[PDB]
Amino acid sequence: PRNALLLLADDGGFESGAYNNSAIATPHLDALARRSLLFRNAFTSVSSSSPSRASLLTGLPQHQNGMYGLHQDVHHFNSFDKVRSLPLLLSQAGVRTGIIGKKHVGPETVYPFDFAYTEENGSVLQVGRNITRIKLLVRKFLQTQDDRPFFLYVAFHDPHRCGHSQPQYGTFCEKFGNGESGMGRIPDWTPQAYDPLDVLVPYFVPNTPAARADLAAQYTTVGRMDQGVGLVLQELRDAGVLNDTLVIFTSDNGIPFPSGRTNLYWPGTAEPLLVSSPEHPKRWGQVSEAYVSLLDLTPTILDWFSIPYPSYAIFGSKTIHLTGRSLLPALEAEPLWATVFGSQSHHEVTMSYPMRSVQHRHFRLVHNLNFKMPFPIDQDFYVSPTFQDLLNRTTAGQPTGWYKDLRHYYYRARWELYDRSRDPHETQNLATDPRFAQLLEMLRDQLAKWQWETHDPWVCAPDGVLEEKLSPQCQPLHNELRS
């Protein structure tokens, strides 16, 4: 049988040898990249953990699958009951399904796995960060195979921050299991220490000692994640199935630094993506330039198992259709895929800053539906040494070392248009430039067509109201906003 393994880092970026970062040591991801197609232009559709995971596992944008924000405690979003997720369709077609690590989506009836070791039924630390334990669970999973195909989803909790939840293990949990007093030992992990001066400060991160100490800790933890990818792959090799298994490696959202996680800017939505098919070796070790979305993974995995997406409606007779496509053709030839979309509504339930985006190659358009209010900041990020330092400096009147200032981080234009080929840092908004008005109209039109097609309840916001029974279906509010 064909099997499939999805490896997902949490808040992972491009800190790998495979993405040309020579400061970090990620031998196992580098070895995987040599047996993979590597995508330079992959994007998540949403820069929020639960919406991202839900969109990845359904192939529907968050506005359509119902996970409008975080899933846990107080935030409490869940996808619609009638949604047919990837693991549900795979089970119905006879594929054995497993998840180890952070799930962070619900309800269980929409995202059922036959074998499930997650934060719901055990320690996130043990099933998300202790790579020895993850190794042992992957082994248990493989040893209980029954000649059905399998789909195994390994959702690492590394390299997510711990400053909010678990401060004594350090800002990225880099001290958990490192064998120092009070930390325990993860016997399969060799900790890699980084000096703050050795890290690459990305362009959107302030270059200060506090941010550098933050990145050094992240690097150690990306290291633990990389070793975990090694262990997992080694278990599939020991069980003799690796050579029958599609391996995909990605991350759910951008790194938890300014302009990253929670933004539809490039740093918040750009994701590493490796795809390794044992049946398509032609392109192993090559780099694709095609513009692809995490919305493509569900149709890629259904394609691999030859399972159709069924025609159904979640509500009324609004039939659901996937807007992503299978990546499997890209394994044989380089395609001209150019367009990716973004949709975000909430992160935390108190953070209502809906954003819609479309990218056409190096051009990116963001629409900020709630732009008159300041951009909200999540609680986990707020206590980061990086945010603290930026805030402390901004208020004390000192230089921040940052490529923006807070005021403009908080108060954004309704429309932001950027050309990354000329302006890769996305600091020159072109939506106000009359030379770019025909492009701006072309992009707004594509984004709107996608919004309708995916049944976006925010399609008419903020200037209008959706009224499905009349033509035109967006009706004006005359609320002093552009229409």
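All residue numbers refer to positions in the sequence shown, first residue = 1.
(message) Please compare 144-152 with 344-352 and name the stretch with the higher mean C-alpha B-factor in the deposited structure.
(response) Mean CA B-factor is higher for 144-152.
(message) On mean Cα temperature factor in this entry, is 3-11 or 472-480 the higher one?
(response) The stretch with the larger mean CA B-factor is 472-480.
(message) Among the choices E271, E332, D73, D158, identify the one whose CA B-factor in the record is greatest.
(response) Among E271, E332, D73, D158, the highest C-alpha B-factor in the entry belongs to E332.
(message) Maximum C-alpha temperature factor per the entry, among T208, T298, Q126, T118, belongs to which one?
(response) If I rank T208, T298, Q126, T118 by C-alpha B-factor, first place goes to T208.
(request) Among all modelled residues of this chain, ranked by Cα B factor, put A18 in the bottom, middle or top third, i.e. lowest, middle or highest. (result) Within its chain, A18 is a highest-third residue by C-alpha B-factor, going by the deposited values.
(request) Check where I24 lands among this chain's C-alpha B-factors and tell me if it's the lowest, middle or highest third. (result) CA B-factor rank for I24: highest third.
(message) Please say which third, lowest, middle or highest, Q438 falls into when its CA temperature factor is compared across its chain.
(response) CA B-factor rank for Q438: highest third.
(message) How does the C-alpha B factor of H321 compare with the rest of the chain: lowest, middle or highest third?
(response) CA B-factor rank for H321: highest third.
(request) Would you mind checking where the Cα B-factor of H362 ranks among the modelled residues of its chain, as the lowest, middle or highest third? (result) As the PDB entry reports it, the C-alpha B-factor of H362 lands in the highest third of its chain.
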